[PDB]
Amino acid sequence: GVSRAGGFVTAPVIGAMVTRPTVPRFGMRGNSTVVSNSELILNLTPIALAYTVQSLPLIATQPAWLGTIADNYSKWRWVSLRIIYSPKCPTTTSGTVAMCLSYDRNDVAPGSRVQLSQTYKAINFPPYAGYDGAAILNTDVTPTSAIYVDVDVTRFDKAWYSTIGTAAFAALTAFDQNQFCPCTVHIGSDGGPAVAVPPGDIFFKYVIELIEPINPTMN
Amino acid sequence: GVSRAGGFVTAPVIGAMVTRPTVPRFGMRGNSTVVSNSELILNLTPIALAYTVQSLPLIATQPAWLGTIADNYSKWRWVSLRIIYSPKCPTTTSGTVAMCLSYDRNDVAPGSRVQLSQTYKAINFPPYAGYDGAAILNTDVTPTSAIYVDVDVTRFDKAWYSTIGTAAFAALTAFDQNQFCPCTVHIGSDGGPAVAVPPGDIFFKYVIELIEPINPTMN
Amino acid sequence: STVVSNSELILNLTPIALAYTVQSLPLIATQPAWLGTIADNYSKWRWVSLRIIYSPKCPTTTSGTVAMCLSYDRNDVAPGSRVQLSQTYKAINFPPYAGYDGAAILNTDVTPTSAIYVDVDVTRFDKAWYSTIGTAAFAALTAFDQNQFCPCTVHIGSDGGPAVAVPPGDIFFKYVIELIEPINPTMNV
Amino acid sequence: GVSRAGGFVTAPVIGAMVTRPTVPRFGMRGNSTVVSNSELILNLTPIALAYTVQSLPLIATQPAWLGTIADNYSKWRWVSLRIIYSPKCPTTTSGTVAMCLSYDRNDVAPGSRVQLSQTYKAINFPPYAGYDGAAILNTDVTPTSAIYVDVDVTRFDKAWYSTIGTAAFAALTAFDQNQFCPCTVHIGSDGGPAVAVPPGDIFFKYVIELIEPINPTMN
Amino acid sequence: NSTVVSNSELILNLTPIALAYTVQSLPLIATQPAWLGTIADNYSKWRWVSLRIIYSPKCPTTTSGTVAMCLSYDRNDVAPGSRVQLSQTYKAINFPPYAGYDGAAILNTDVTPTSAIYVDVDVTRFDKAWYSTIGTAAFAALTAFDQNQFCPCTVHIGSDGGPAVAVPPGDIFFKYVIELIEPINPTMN
Amino acid sequence: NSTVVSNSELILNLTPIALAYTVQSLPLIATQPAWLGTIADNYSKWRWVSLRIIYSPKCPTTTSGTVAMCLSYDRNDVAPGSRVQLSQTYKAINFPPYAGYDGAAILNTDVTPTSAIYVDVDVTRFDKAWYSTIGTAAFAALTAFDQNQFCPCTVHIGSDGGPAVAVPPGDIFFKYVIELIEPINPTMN
Ligand SMILES: [Ca+2]
Ligand SMILES: [Ca+2]
Ligand SMILES: [Ca+2]
Ligand SMILES: [Ca+2]
Ligand SMILES: [Ca+2]
Ligand SMILES: [Ca+2]
Ligand SMILES: [Ca+2]
Ligand SMILES: [Ca+2]
Ligand SMILES: [Ca+2]
Ligand SMILES: [Ca+2]
Ligand SMILES: [Ca+2]
């Protein structure tokens, strides 16, 4: 790379992904139903000078489309969960966007980018970057220029989680939420322009295993 | 059979199916999602002397479990739909239960068993019968002693139907319902005892193809 | 590690009548009366195997249908009909006199062809071990707190019974449970 | 079975065994005399709504025919003891009959079916069932539809027991009885009809080894 | 099929050691230990798989005297009337009331410290294979001869040579492994 | 990737031993030990890889009485009300207040002297794989049920039979190996 052999860098006016059209794929693994799909989950708050954060609980019901399928199953577990960033602003946008993971709903969100950076899986990056890694979303490859976070799905506290709707989940105390949620992602930013600029969006690319069907009304 | 070679008939006190435990199976057929499953759909009104009828529209959203999966798809079509009867009363129960099919939500339900019998696919049978044909439900075989109706899925008026929830469907006029429903089943009975007796239940064994995913909130 | 195995009567089902009824049981070490007293002496436990068996006790002339299924969140609403129950994991529908020919399953390692039962998917619980808690203490908890002590719940519903309700049968548990960490019962339960 | 693959069940008006005529068989095993035979031991109390129990000590002298042969021997031991149920009522009889084993004559008999069910070898069953397992009595096969209890003959407290007549045994205290008796069977019932109905009978199918002959007057 | 239970329990607080001799005896039955008793009530028969009687001191090293333990096998025997009589009996071990503090690990580990004070019962040489479960209260109401039917062994703990003002010497614990068979309702048992 | 931390720390000065019984309890959480707590605040989850609770005497051999330790696994349990109740509980070890001086090496070496007084926690039999880090102050403000979510085990230390004038018996130390994963800012944690 440039840090060993030297090189040169250039920058275009702007760059962005074009998402490949797809359909959620279903599969059976014995009595288990496996769903593989990608979903746009969040539009980030316009990046400005001051710091700001957004958080999302990583539960089966968070992605709206998957959420529906989950209502018919009692338990689930993430087989793989990759959080991907997609820029939507020009290379003239100053600032830094960062993401990280937490595992206790009683936690307080990172109050600054320094706090966020000390945390697990923290990745800091310019708001305009990430387009070169489009393949991470459209294919199963992992480009080195892609901006993403892989969740340590094998290091959760429980083996399976019970399905719960987002509204009901929201109404729980942090402690009761802990029983239905294995992890939460935080996305923060700062150092942006005086006139805030929408930086990018967040996608979830996942493979989930759902078990033990249940009447949706009961669940 | 007995009608050609003679024989003898006997009758037990009672007989009933024991349903095999199963899980709904998912499959992909290109961009299409195929669901194969069986569901208990209706407990029949206790059979008594006077005639009575119950009707169910044959839409993707009628079976509660399937209904949930259908919310995520714009269009669907029955690949196969077999309506099965399961008795729950002793052989001492007098009367006849009958089923038939109609194709216009503006139709008036059969007012008597004679009206019902003239209709397409009408099958008349004692309320206590049907147990000997348990395999029709638990396997893919079709016993001659099974009591069922196969829907002529290839002779519907349209190629695909749009998904619509049962509540919203119920609120439509018969004519607007016709655009979302290809067929309706009627189940009637009469000639039962003075003290009415719950005769049996109705199961749907189906294979459905769902196409064109959609956000559930939009659908 | 102490391993206990036995079967015992757990519940006399409500008389089967025209209208639908459901009875639910949390699958906990303290639910079976005989096992409960042994469980009170241990801090944690886990089902090694749990088989829920139905035993009929009604005349064969009894109309109606019975069903069982399993759920895994105490915060769930119990099935309001056999149509809802029937769509739930491991559901099995059978007549109230079913199983009269398979009683041996209760006291032998044989599984008679005609026996009516449900094997719990013990390997797919959310935790490795569950703490012992007495039945009455359990009842007083919120659904959320119950979830920490209970891995599964079984529902038994029926409908289509006769005008004069008839006791259909009973529910038995045949289990193999592993108990660890002795404890004084007063401290525990 | 039906619980895995589904199926159907039917019930006849009634069913009962027809016992094969036999003769008690004698054999020598060195200096030991071995007797193999089956005997009707008890007519059960008519099953009614309320609970009732009957108990029998499992001693060599309990079966009347064997009892005579035992008078000529000082010691004995059960090689095998199978307790079998034989129904004598129609399938319309409600209720449950249960059997179990105890090993201390100082024990109090089960006061209810719940108490009985917690006990060793407890088997609960409808009073009309058991006919399908007729072969367990007439042959050496063990049908799965047979209703029976096998005594754990290898887990008794002593290796041999002394022969004692039933009258003399009855006159002993529970503690002195313990020296001559290795086990006792309890048969209870409840949930029967308002008009009590004789449910069935109990047979003992055994193989016993008798040793050390003695003048009957001394014994 | 059988259940194996393992635990250790405090069984008896010894009477204060004084100049004169005293003896206490305990029947080695499954029902003697309070915690075990509850589990045992649920099984018809049992047999000690392993039984170690342990002494734990609770007095200062300034305490004089001798505490001694031994085993007998007939409830009709007379208890030892002196340390001499006790000392002639099987497994007799004599020691000062403060002995055993350097071997306390023996209580909750599989270690057997050479400084521990214990008696290992010859579990394989009892008169019969299994013993029927019986409550302590009922047991005490029996004649010595009827007690033998339920009790395979008894331990006697005597002492003397203590101070003018009696001093509580220590306690007796049972660390055991017992096998239980043939479940039964406790009320019947 | 994870970080493994090893050290031993003084955790609790025991309340002076007197005639009457007293109990103290400590939650076995990563945040309980003061030194470890600082490191733990920097990681989201943890799990004890090894945990040995050690007793160190600080009183003369002239001190009478008994100190005992045991383990429980539900914050909703009631603490042992007597040495009898305590002694029936898992890993219970009883000993005089001056015991353990010949085994002090256990504290700073990999040696396990047979004269040492300790409790080895069954670290592989906790209800779940990982536990989330939580401060002691916050932990104490939780209900017993919410505490269980963060605490896998608790140790109880009781005593009695001591002198008329209470004597500080000793201290409790934790010698541990803990694995920490998923870094996090302490303020968030
Ligand atoms: Ca970091
Ligand atoms: Ca749920
Ligand atoms: Ca027709
Ligand atoms: Ca629509
Ligand atoms: Ca507890
Ligand atoms: Ca039993
Ligand atoms: Ca004699
Ligand atoms: Ca000696
Ligand atoms: Ca007894
Ligand atoms: Ca203990
Ligand atoms: Ca935390």
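Counting starts at 1 for both ligands and their atoms, in listed order. Proteins get letters first, then strands, A, B, ... in listed order; numbering begins at 1 in each. Because only heavy atoms are used, hydrogens play no part in the values below, and waters and symmetry mates are left out as well, while side chains stay in.
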Kindly confirm whether the Ca ion (ligand 5) is within less than 3.0 Å of some N/O/S atom in F:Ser72?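 Within the cut-off used here (under 3.0 Å), F:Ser72 places no N, O or S atom near the Ca ion (ligand 5).
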For the Ca ion (ligand 5), does an N/O/S atom of C:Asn188 lie at less than 3.0 Å? yes
Relative to the Ca ion (ligand 5), which of the N, O or S atoms in F:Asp74 is the closest? OD2
Separation of F:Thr89 OG1 from E:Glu9 CD (nearest 0.5 Å):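 Separation between the atoms: 10.0 Å.
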Would you say the Ca ion (ligand 2) has A:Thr163 as a near neighbour, meaning an N/O/S atom of that residue under 3.0 Å away? yes
Report yes or no: does C:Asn75 have an N/O/S atom closer than 3.0 Å to the Ca ion (ligand 2)?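 No - counting backbone and side chain alike, C:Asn75 has no N, O or S atom under 3.0 Å.
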So, is F:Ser87 placed with an N/O/S atom under 3.0 Å from the Ca ion (ligand 10), counting both backbone and side chain?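 Here the distance criterion (N, O or S atom, under 3.0 Å) is met by F:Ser87, so yes.
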Counting backbone and side chain alike, does E:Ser8 bring an N/O/S atom below 3.0 Å of the Ca ion (ligand 10)? yes
Look at F:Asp160 together with F:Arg83 and state whether they make a salt bridge at an N to O cut-off of under 4.0 Å. yes
Do the charged groups of C:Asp126 and A:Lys75 touch, with an N to O distance under 4.0 Å? no
Results of side chain to side chain contact (heavy atoms under 4.5 Å, CB included) for F:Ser132 - residues two or more places apart only: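 Residues passing side chain to side chain contact (heavy atoms under 4.5 Å, CB included) with F:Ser132: A:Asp104, F:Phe150.
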For C:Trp129 together with F:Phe126, are the ring centres under 6.0 Å from each other?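 Centroid distance F:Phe126-C:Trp129: not below 6.0 Å, so no.
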Restricting to N, O or S atoms of C:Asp76, which is nearest to the Ca ion (ligand 2)?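 Going through the N, O and S atoms of C:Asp76 one by one, OD1 ends up nearest to the Ca ion (ligand 2).
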For a quick test of your reading: what N or O donor-acceptor pairs under 3.5 Å do the side chains of residues 56-65 of chain A make, sequence neighbours left out?
residue	atom	partner	partner atom	Å
A:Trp65	NE1	B:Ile214	O	3.1

